[PDB]
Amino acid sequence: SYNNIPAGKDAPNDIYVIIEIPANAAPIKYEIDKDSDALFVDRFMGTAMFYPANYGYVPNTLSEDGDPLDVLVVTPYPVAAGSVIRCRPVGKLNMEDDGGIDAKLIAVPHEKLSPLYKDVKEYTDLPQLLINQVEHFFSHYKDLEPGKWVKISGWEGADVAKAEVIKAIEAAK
């Protein structure tokens, strides 16, 4: 089951992300049901938007919102919903919403999976337009869900994102 997957083979530098929503997919928000391991349809998204990168969580972590830590994973082609990507954080996007504050990490595939991201050490090494798309997506994807808003605060770098992984790991135990 998904519970058997460690937060990573090697901590913050070498982590696993279980993908719930593929990049470039239909506007269906899935979420792994923790009791059953099944992919639940959580929402048919209102806005006509798509996730600019694969979206999921690091197993065996806990964030402030009671869910595991959220991560976007950039890949050369979208991966299957429910599949698991070995990856490496390169940044952290901070935001405020209607329920306080939120954050999403961004990660790239481990070099065992692809050579394409060898030179991507910080989120600023990704295409500037991709970074803008991610900011714009999280700023607006809930605009048609009543009582929901999101304001983008700003980014922090790979080191701070990796620190967030470690904090979420300890928080889960």
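When you see a residue number, it is the position in the sequence shown, counting from 1.
**Student:** May I ask you to compare 40-48 and 143-151 by their mean CA B factor in the entry and name the higher one?
**Tutor:** Result of the comparison: 143-151.
**Student:** 108-116 versus 57-65: which one carries the higher mean Cα B factor per the record?
**Tutor:** Looking at the record's C-alpha B-factors, the answer is 57-65.
**Student:** Can you work out whether the C-alpha temperature factor of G157 puts it in the lowest, middle or highest third of the chain?
**Tutor:** Middle third.
**Student:** In terms of the CA temperature factor given in the entry, to which third of its chain does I101 belong: lowest, middle or highest?
**Tutor:** Its C-alpha B-factor belongs to the highest third of this chain's values.
**Student:** Going by the recorded CA B-factors, say which third of the chain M95 sits in, lowest, middle or highest.
**Tutor:** CA B-factor rank for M95: highest third.
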